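Quick heads-up: it's one chain on its own, the form solved without 2'-deoxyadenosine 5'-triphosphate (DTP), in structure tokens.
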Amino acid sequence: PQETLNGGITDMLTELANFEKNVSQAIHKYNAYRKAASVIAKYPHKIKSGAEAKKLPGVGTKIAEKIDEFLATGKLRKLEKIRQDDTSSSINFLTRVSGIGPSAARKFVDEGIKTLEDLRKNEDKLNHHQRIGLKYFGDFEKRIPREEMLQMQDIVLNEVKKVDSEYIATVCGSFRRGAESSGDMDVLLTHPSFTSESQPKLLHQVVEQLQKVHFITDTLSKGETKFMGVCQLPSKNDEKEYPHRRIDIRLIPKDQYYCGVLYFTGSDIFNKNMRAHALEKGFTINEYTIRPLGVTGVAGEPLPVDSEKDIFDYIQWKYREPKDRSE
């Protein structure tokens, strides 16, 4: 595919997607359009007919019709209607602020808060996460070029070991799959001292150190097992300050670690095939454990997992190195 073959169609379906998510608050109609929008992108021909697309899975009748209209006219009536009604547009803008969902945004626009300008006028009417989201509105929409992730992975891995020798940490997401760009940094942490049958100072002490290295600037949310905040790579006094980046850090028990690493490395399509393969061979996978399925469809106690490779060794698959996990 080329992101250029059917760009018009996928842009449209993605426009309709966020409209259902952010304005109409129909989150299943949002996923439907994305599903639709994402399988069209992977089609290696310029679509010529609505029906030609309906063949694909997740493109149904109404999406074919709007594709017919789009190729026939070059715009969507519905989409132009939406584009100019200004409630919809403003609600749509505001939900780009992290911490502003469809509910807050709708309420803001209700009382006439519709621009970033308006939001900083009223930073009192904003909770903490939203203020942070407002402060970094630009930086958060930016891509993180792989080469940055590398040097970031460096600071978090190196300084986590300056804390406890037995912590093990793994950046995941697209970055562990070899992707040239990442949207944020997702870290996965564990410690031998942390079981299912389980210190609550475990995730804190890493964030505490990572805050001394002047790496982590701001905290969106922090608890015993999930942290969500903002890091920034260091500028070498040469007047080019790196953009602030979104980082999460999960603390997971080691007996569920590599299931955590395997899930949160994905990819998404990859997982439903690995599950469904695993399901079709006596076992069942989730983020936490791999369990055997009896003749009844009833699952047993979770199997031991010491390496990510152990998962494939149960289900009789051969280890995929992450680079090849895009489906």
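Counting begins at 1, following the sequence as shown.
Unshown form deposited with 2'-deoxyadenosine 5'-triphosphate (DTP) bound; subsequent notes refer to it.
102 to 110, 152 to 160, 208 to 216, 173 to 181: which one contacts 2'-deoxyadenosine 5'-triphosphate (DTP) in the deposited bound form at 4.5 Å, heavy atom to heavy atom?
Within 4.5 Å of the partner lies stretch 173 to 181.
May I ask you to choose, among 266, 50, 58, 302, the residue with a heavy atom within 4.5 Å of 2'-deoxyadenosine 5'-triphosphate (DTP) in the deposited bound form?
That would be 266.
Quick one: from 81, 128, 204, 143, grab the residue that has a heavy atom within 4.5 Å of 2'-deoxyadenosine 5'-triphosphate (DTP) in the deposited bound form.
Selected option: 143.
Residue-level contact is defined here as any heavy atom of the residue lying within 4.5 Å of 2'-deoxyadenosine 5'-triphosphate (DTP) in the deposited bound form; does residue 148 satisfy this criterion?
So residue 148 does not count as contacting 2'-deoxyadenosine 5'-triphosphate (DTP).
Quick one: does residue 284 come within 4.5 Å of 2'-deoxyadenosine 5'-triphosphate (DTP) in the deposited bound form, counting heavy atoms only?
It does not: once 2'-deoxyadenosine 5'-triphosphate (DTP) is placed as it appears in the deposited bound form, residue 284 has no heavy atom within 4.5 Å of it.
I'd like to check something about residue 289: if you look in the deposited bound form, is any of its heavy atoms closer than or equal to 4.5 Å to a heavy atom of 2'-deoxyadenosine 5'-triphosphate (DTP)?
No.
Taking heavy atoms and a 4.5 Å cut-off, does residue 271 contact 2'-deoxyadenosine 5'-triphosphate (DTP) in the deposited bound form?
Residue 271: contacts 2'-deoxyadenosine 5'-triphosphate (DTP) in the deposited bound form.
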